[PDB]
Amino acid sequence: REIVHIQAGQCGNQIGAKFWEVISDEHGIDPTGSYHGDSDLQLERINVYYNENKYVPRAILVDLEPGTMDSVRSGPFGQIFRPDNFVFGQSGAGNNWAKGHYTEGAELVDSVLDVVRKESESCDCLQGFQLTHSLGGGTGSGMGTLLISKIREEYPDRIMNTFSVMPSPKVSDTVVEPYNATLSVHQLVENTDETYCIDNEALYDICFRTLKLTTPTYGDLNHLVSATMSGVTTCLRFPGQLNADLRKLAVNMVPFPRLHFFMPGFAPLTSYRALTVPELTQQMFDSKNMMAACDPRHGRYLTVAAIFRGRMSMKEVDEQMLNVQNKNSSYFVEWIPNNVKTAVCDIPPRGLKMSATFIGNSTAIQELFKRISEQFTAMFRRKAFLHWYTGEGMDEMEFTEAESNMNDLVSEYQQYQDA
Amino acid sequence: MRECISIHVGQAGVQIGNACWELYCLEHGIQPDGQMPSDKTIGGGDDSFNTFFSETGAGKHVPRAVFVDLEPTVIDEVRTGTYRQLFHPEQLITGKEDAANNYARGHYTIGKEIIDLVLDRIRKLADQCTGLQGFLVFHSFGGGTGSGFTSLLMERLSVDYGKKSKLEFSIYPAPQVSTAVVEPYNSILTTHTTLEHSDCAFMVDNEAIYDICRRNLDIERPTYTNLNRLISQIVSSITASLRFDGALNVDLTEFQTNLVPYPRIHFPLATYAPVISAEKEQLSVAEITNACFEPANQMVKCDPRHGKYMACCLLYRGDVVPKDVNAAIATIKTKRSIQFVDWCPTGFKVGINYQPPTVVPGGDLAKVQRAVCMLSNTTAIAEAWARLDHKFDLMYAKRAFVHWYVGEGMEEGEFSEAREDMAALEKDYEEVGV
Amino acid sequence: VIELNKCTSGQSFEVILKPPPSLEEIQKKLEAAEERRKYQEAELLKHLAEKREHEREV
Amino acid sequence: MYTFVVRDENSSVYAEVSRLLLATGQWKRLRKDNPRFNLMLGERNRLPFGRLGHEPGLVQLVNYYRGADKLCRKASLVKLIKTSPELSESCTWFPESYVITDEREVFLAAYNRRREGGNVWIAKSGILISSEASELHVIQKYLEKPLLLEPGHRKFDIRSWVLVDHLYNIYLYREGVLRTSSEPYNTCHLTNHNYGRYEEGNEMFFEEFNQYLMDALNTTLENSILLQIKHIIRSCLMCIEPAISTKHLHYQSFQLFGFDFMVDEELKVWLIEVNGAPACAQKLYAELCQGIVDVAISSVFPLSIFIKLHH
Ligand SMILES: *[C@H]1CC(=O)C/C(C)=C\C=C\C(=O)O[C@H]([C@H](O)NC(=O)/C=C\C=C\C)C/C(C)=C/[C@@H]2CSC[C@H](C1)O2
Ligand SMILES: Nc1nc2c(ncn2[C@@H]2O[C@H](COP(=O)(O)OP(=O)(O)OP(=O)(O)O)[C@@H](O)[C@H]2O)c(=O)[nH]1
Ligand SMILES: Nc1ncnc2c1ncn2[C@@H]1O[C@H](COP(=O)(O)OP(=O)(O)CP(=O)(O)O)[C@@H](O)[C@H]1O
Ligand SMILES: Nc1nc2c(ncn2[C@@H]2O[C@H](COP(=O)(O)OP(=O)(O)O)[C@@H](O)[C@H]2O)c(=O)[nH]1
Ligand SMILES: [Ca+2]
Ligand SMILES: [Ca+2]
Ligand SMILES: [Cl-]
Ligand SMILES: [Mg+2]
Ligand SMILES: [Mg+2]
Ligand SMILES: [Mg+2]
């Protein structure tokens, strides 16, 4: 039944706030936590995300500085969160994974776990956790991965899911993002069950090229993200058969434990006109609607989950999903039979009669790790910017080890791509 | 009179069970509150229908059934639905978290913790029986509970009820409605561990039923509700002999005697006709009997022309007399490819019940004057094992998804042992069928 | 045609066209699997404990 | 785009069909074990028919009829003919044959009857032709009075190619071939491929054979021989139709058969065998293979050299 949601750092709290605004709207929950919807489908699985005549997100808001969480509290749905679930320090993490993971984050993490435990303890049957964060900064990356490790120690038989924003030079705050992301990926490989890889470069290019936004803001990017998070959690939050819980999703999507990094996608993305099931299906599988900046035609799908939302012919959905597989059969590994599963939920996202969300486990995700790996090495060969990390107690050897582990992941994807 | 206990395991087992008990009520004249005004012995008796129903002093007719699922949402529908007053809480067993499509989680991790409670509830039903015949066990192959819990349960039932028959109604996986990539693994694990514990198993391939619903009932996208109404009709045809007056298949042991001469080859093919749309000209005995030899009407798509028969049973309901049956068989033998093995007689056992099929009011199936279910033990059903085994092989060769099972404490060698048993099974069918 | 029985509910007959583990072993298997789960979790917790020592070192 | 897979690397006929399909621009070849095909060009042995027709959303077609081996193995053909009433023990167009339960005593009894009243037989399944039972799988009456082409006093057999589609239409390719001995008749006895002296590659085609029949015997190929060939083809294939038809099945089949005939000196046609996996004469590949694509494949997957034998 219950999922506990955690959002850490600037990026993590910004996208996490938007996620809660969007799903609260879908479930008919207003900013004061009152239900004012008109379909029983809205409430049937509400307790997955909301404690209970008011509904309060099962959500913990974490940061090492107060500013983003002050904006959250002032923002649209800011009063819906439980006030005790805001856990924050004052010193910040300076875009530094070591600060998040080892020094500043270490001072705050026990207070976060106290709140996690209080939420877990009033669950009838906790399924596990979802974390929103970036990998490029300090708090979401360093403190978020510290939290994941501590949660795993205290709840080792629960599922850990992340929405992880991956940095890009094209949409960048500091030069040390590749260091922070490489250190984080090493943690995610060992300690998550499912990670949605959301590439800031993909978000930007979707906004700029497809949506025709001349100058995208983080706000624009987060709109994309929150739409995708809504889509990918649909089957957790509404009645249905397929991928209806975190553990069932993992069993269907993860054939080898380390290869749990998914490329999500959304359709439609266009700059009133009716969308057809054919169009949704074709757009959902097109590289330009995917959020990891990897070309799926450069690899193979191990597994895919597709979710369609809205009133539409179930027959035509099954038909088009079979057309795509049968027509592009070479991009699907042949040694996992029937590796594409399709769900359908009657409730569309706000503003859309019909939508589809894609979750692919593709060997092409190797390209994202390789890019981060190349940007890490260009700096690490000259030990550039390392003093920020060594001043917090870290040694060079830990960087060598993270780099190796991420290169190992890349090789593992390549192996299955060739098999 | 000898009782039969029905056990419904996992989502598929439970939802099919629900459909079956509702149809049984309608066939016997039992109301949703359990009252049966035609039953003049109040608070007891030893009628044929008492094989499936006990009676209380107040005249409630209570299914001899246990429902078991590792999460609560499906059984909660039974608890709150139309036939809720039929069952007492002790017949309805739910855990909190399911087997996540993982045989090992169902069999080992969660199964260990609920098996004793399930046995105690079955024992409470057994203690009310004067001459328990055995068990009918309904489950999926593909689910973690249907696969993993059922095989534990079947083993423990052989220990605690060692002389009792056990029959299965098993749902074979079809990707058109399946919910897990690993269903072939689950299927093979459960078939390996259950094989020595089951006396007779009726496998239903969701692909075959889906297609019958699409083609004959004109449903564009069948739901489990559509599928389960059809399945319940077939199930009812099969169990009718236990619940009404008759001289064929009147106890569980006769299923084996009449259909299963070799213990491992215990999977009869069920074929059913006619299936006609309620929204849409009455077929004769000849036509429905001829339809039993059509792959399109089979519960598992396969080609009997290219195997051999070991036994064949025709189960008629409605307006059928022996004369017309015999004339139909005569014709069909001159037209169709019906080869028996050399060491069994070529012939048919026939049962007729005069009550035509009941259908559920406003269901999809039209009322017909006559219907038939053929149960044939043909080597052609091994096509289905070939299909599954090949899927298993493709994934297993890369160890895809194996870690989920190992992580629940199953050893990897249980995969290869299950697979080796299936290879010996395929070879048993080939040797009989050559 | 052999074995014709008739009753008011129906009839039946046969047409021939041509002649020709113990509780203890289960309990042990379930315990062995539980023990393997426990081993695997103990290993995990050991690895997490080593990570905590490293954190304290840094 | 249609998809197909190739599972018999050695089929000269299906290598050409495959080339043709690819050149339409509307078919793609998948790897051998990808299940998401429209069309299987199958292996010759243990083709996994049980795995066909279970792919949601794909109409699936294969180039073999399961069960057709009953026509296409020597001993099973003998048994089919003798045990099917429409063919029967007294079938006039198939030589007296015995499978060697074994029919050895029946053979001996027929051999003795005859010796008491031409008694050459041929053992095959490694061929032996003999007058003596003792020296002598199937044992079949050896046609002692074959039609001999002139010049050269030479034996021959006729190959006819037949395509049976998914609807069980039976099509006789309008070109057949004579495989000739180029030795004078008593290598002169077996016409399996002075080699090449009378005709290129010891193959005579129907235009020349017909011309010879008109010039030497004052008749035609149509009248003297093809009427009977057509009758035999239809009789054989109609006989097994109930056992092999894919009309109501979840997958569909077609198959190319090579039927072999002998002609006796009275212009009586005899069936010798049916080949379930024939090759084609060099010069007729291109035409036959395109016919296969038009009638067997594109009929099912939309993008006459055949006589339709009606039934
Ligand atoms: C956030 C929306 C908001 O702030 C501003 C407005 C008015 C609209 C944004 C729309 C948008 O991004 O729409 C995309 C896509 O561009 N839409 C279409 O392609 C529509 C029709 C196509 C026809 C051929 C879809 C999207 C990401 C919508 C999400 C759903 S979740 C809530 C947010 C609200 O919108
Ligand atoms: N015919 C039919 N098939 C069903 C039904 N419900 C599930 N299935 C099939 O059963 C398989 C999945 O097994 P389920 O029975 O749902 O799983 P379970 O036994 O509850 O096991 P877990 O949920 O994994 O604990 C798939 O092949 C489904 O298509 C049903 O009501 N009818
Ligand atoms: N009963 C018979 N009477 C006369 N000649 C016969 C005969 N049976 C076979 N033959 C001759 O022997 C040749 C080979 O016999 P058979 O038909 O068994 O060939 P085969 O199976 O080796 C190759 P193909 O498949 O191309 O026919 C025939 O073409 C014919 O010349
Ligand atoms: N998509 C998106 N990326 C963001 C947002 N804010 C920061 N980022 C990215 O996140 C990374 C910096 O981490 P940030 O979350 O600001 O640091 P933290 O507060 O220490 O966790 C860089 O890769 C930024 O491009 C946001 O709101 N949305
Ligand atoms: Ca500090
Ligand atoms: Ca009574
Ligand atoms: Cl007993
Ligand atoms: Mg920042
Ligand atoms: Mg279940
Ligand atoms: Mg030959």
Side-chain angles (χ1 to χ4, degrees), chain A residues 7-18 62-65 67-69 71 88 92-97 99-100 104-105 132-144 163-174 176-178 180-181 184 198-204 207 216-226 241 244-245 248 291, chain B residues 9-15 68-75 94-95 97-101 106 139-140 142-147 149 179-180, chain D residues 72-74 77 124-125 157 159 192 258-260 272-279:
Chain A
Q7 48 188 67
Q10 177 168 35
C11 177
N13 275 280
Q14 288 175 164
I15 72 178
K18 285 274 147 77
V62 183
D63 211 337
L64 286 163
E65 67 189 4
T68 305
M69 284 177 43
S71 296
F88 55 96
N95 290 290
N96 188 308
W97 192 94
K99 298 189 173 174
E104 305 301 329
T132 58
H133 68 152
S134 63
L135 302 192
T139 299
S141 192
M143 196 184 179
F163 298 85
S164 299
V165 179
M166 317 292 185
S168 156
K170 285 178 186 146
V171 188
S172 174
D173 302 338
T174 69
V176 295
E177 286 167 353
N180 301 325
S184 284
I198 299 153
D199 189 311
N200 256 1
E201 199 166 315
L203 298 183
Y204 188 92
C207 287
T217 71
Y218 277 131
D220 296 323
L221 303 194
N222 294 346
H223 190 262
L224 285 173
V225 176
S226 58
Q241 259 310 279
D245 69 72
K248 282 186 176 185
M291 288 178 191
Chain B
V9 183
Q11 173 179 116
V14 168
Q15 297 191 144
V68 190
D69 200 4
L70 298 181
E71 61 100 5
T73 57
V74 187
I75 287 182
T94 50
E97 73 176 348
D98 66 28
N101 285 323
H139 64 105
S140 66
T145 300
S147 68
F149 187 77
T179 38
Chain D
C72 297
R73 296 306 178 298
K74 299 308 210 294
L77 177 62
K124 43 174 192 175
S125 61
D157 77 75
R159 160 70 57 93
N192 308 101
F259 284 76
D260 295 349
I272 297 314
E273 62 164 345
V274 190
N275 294 276

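Indexing begins at 1, ligand by ligand and atom by atom, following the structure's order. In what follows, chains are A, B, ... by sequence order, proteins preceding strands, each numbered from 1. Values below: all heavy atoms of this structure, side chains included; hydrogens, waters and symmetry mates excluded.
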Spacing of D:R159 atom CZ and D:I272 atom CD1 [to the nearest 0.5 Å]: 12.5 Å
Contact check, A:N222 vs ligand 4, heavy-atom distance below 4.0 Å: yes
A:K18 and A:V225, any side-chain heavy atoms less than 4.5 Å apart: no
Protein residue, atom and distance nearest to atom 19 (O) of ligand 4, heavy-atom basis: A:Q10 N, 2.8 Å
Heteroatom distance test (A:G138, ligand 4): nitrogen or oxygen, under 3.5 angstrom: yes
Value rounded to 0.5 Å, distance of CG in A:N13 from OG1 in A:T68: 6.5 Å
Heavy-atom nearest neighbour in the protein, as seen from atom 17 (O) of ligand 4, with distance rounded to 0.1 Å: A:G137 CA, 3.5 Å
Any N or O of A:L203 closer than 3.5 Å to N or O of ligand 4: no
Proximal candidate to atom 14 (P) of ligand 4 [heavy atom criterion; set A:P178, A:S134, A:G136]: A:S134
Part of A:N200 with heavy atoms under 4.0 Å of ligand 4, whether side chain, backbone, both or neither: side chain
Value rounded to 0.5 Å, distance of NZ in D:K74 from CD in D:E273: 4.0 Å
Nearest protein heavy atom with distance in Å, relative to atom 18 (P) of ligand 4: A:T139 N, 3.7 Å
Crowding at NZ, A:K248 (>12 non-hydrogen neighbours, <6.0 Å): yes
Residue and atom name of the nearest protein heavy atom (relative to atom 7 (C) of ligand 4), distance in Å to one decimal: A:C11 CB, 3.7 Å
Vertex the Mg ion (ligand 10), rays to OE2 in D:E273 and OD1 in D:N275 - rounded to 10°: 90°
For ligand 4, the portion of A:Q14 having any non-hydrogen atom under 4.0 Å away: side chain
A:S141 and A:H133: side chain donor to acceptor below 3.5 Å: no
A:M143 vs A:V62 side-chain heavy atoms within contact, under 4.5 Å: yes
Residue portion contacting ligand 4 (non-hydrogen atoms closer than 4.0 Å) for A:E177: side chain
Side-chain heavy-atom pair A:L221, A:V165 within 4.5 angstrom cut-off: no
Close-contact set for ligand 4 against A:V171 heavy atoms, below 4.0 Å: 25 (O)
Proximal atoms of ligand 4 relative to A:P167 (non-hydrogen, under 4.0 Å): 23 (O)
Partner of A:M291 by side-chain contact (heavy atoms from CB on, under 4.5 Å), out of A:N200, A:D199, A:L203: A:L203
Donor-acceptor side-chain pairing of D:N275 and D:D260 below 3.5 angstrom: yes
Minimum heavy-atom distance between A:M69 and A:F88, given as atom pair plus value: CE-CD2, 3.6 Å
Contact check: A:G9 vs ligand 4, nitrogen or oxygen atoms, below 3.5 angstrom: no
Backbone or side-chain N or O of A:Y218 under 3.5 Å from ligand 4 N or O: yes
Selected option - heavy-atom contact closest to atom 21 (O) of ligand 4, from A:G219, A:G140, A:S141: A:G140
